[PDB]
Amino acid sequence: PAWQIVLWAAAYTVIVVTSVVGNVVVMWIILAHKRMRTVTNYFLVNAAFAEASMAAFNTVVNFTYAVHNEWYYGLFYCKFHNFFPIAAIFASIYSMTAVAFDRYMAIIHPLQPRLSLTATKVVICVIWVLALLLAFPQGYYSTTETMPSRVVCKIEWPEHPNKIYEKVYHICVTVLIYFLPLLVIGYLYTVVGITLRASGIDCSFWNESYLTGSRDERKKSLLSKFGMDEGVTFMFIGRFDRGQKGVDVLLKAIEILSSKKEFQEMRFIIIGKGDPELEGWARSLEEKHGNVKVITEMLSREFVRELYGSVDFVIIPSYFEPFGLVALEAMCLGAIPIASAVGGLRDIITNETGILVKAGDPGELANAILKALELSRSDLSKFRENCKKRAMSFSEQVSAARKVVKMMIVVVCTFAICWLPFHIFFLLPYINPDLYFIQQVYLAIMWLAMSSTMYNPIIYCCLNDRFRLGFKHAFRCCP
């Protein structure tokens, strides 16, 4: 069916041209602009070079040899045709693995040193050396030979009764360039994507701009709704439990403070439900003291935003706070956090943006509450401004990192999809020989696998403003 061959040749040429043009433009965008020269972009340039080289130097003969099963192209090209794609795919997928590892280090272990640019050039050279070494056996054993009357290019391992070495080599290459790097990148981006999503906040909602009036009028109206007169107002919200959210630590701190004269000047609002003994202890402290209020009913997020914008301080005595979104919610609304120095709370709150204490120590928490009462004698506006600025700038870095990580996840998923049918096609004989319309299926599977060399520049242009601007500059001639 010659018309099908014409359509297939057109599709393969579309692969070649799109891959070469887009990857060359990506290399120009990164290398020619000093702002673009980063660790991540260097690994991306290495991957773009590997993919453009494979599309430029293998696609045409792969198509022609798949369509016309006689080798006319010489011995050295037979070796290169069996050698280069393994090295190129290895170099590209491990450049992507290095990008994911650099992101995981910057986000999960910020204190630990990362690669310098020269270190990344060294890593890229090591990657290419390992790629060439892994590809070497397949190119070394390739030869042209009559089979028995017409020339073919074929991999000829030394004759062994079970061909065990060639089989183990193929399995190892498939693991090293597909399954293992995908598992590693999947772990890295799962941890990173969960940690970033758990640290995000909706700034369109948790925003002081939707409150009305001065903070003092709001706090007075709130205390009046609770039946209390004006005072320095502390708020807790969370589940009542032992060993987790710390409401028991806050209740012990309230009992410690209750004997002091300073307790007269404080007000407490404890919101949550859970362990009945803790609920009964909170109701006992509420009836015992006129400056304590407890709310076990569920509240709307609008009412909680009103509370965050009215109270003076929010107490977060968590034993365990991996992400600390509640601290961002309070700080965005101008409440000053008083929190255990654990996890995301320790990462977000600073000495200038809150008060931090050891988790599980009621006496240190009572001392921090007394320190907050001492701070309340003076104006707190600069403190709340620092809390708001810190919460905004933190949210901000999280959002940009989420964009970059989403782009890289789209890249890795496109790679996994494009290469799965190819490796399945070459692993099927080991579990079921079959292979008896195979040529039409092979042209489709090969087209999909090699199409992977053209998607990344398209992906960068859609999901990255800098690459989009670089593509606009490269194509300024066009409308």
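In case it trips you up, residue 1 is the first one in the sequence shown, and so on.
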Count class of deposited residues lacking coordinates, residue 436 to residue 437: 1 to 3
Comparing 427 to 435 with 36 to 44, the one whose average Cα B-factor in the PDB entry is higher: 427 to 435
Mean Cα B-factor comparison, 176 to 184 or 277 to 285, giving the higher one as deposited: 277 to 285
Which of 334, 161, 343, 193 ranks first by CA B-factor in the deposited coordinates: 161
Options 207, 142, 244, 199 - largest CA temperature factor per the record: 244
Chain-wide C-alpha B factor ranking for residue 322, given as lowest, middle or highest third: middle
Entry-reported Cα temperature factor of residue 459, expressed as the chain third it lands in: lowest
Residue 23 by Cα B-factor - lowest, middle or highest third of the modelled chain: lowest
Third of the chain's Cα B-factor distribution that residue 82 belongs to, per the entry: lowest
Lowest, middle or highest third - CA B-factor, residue 189: lowest
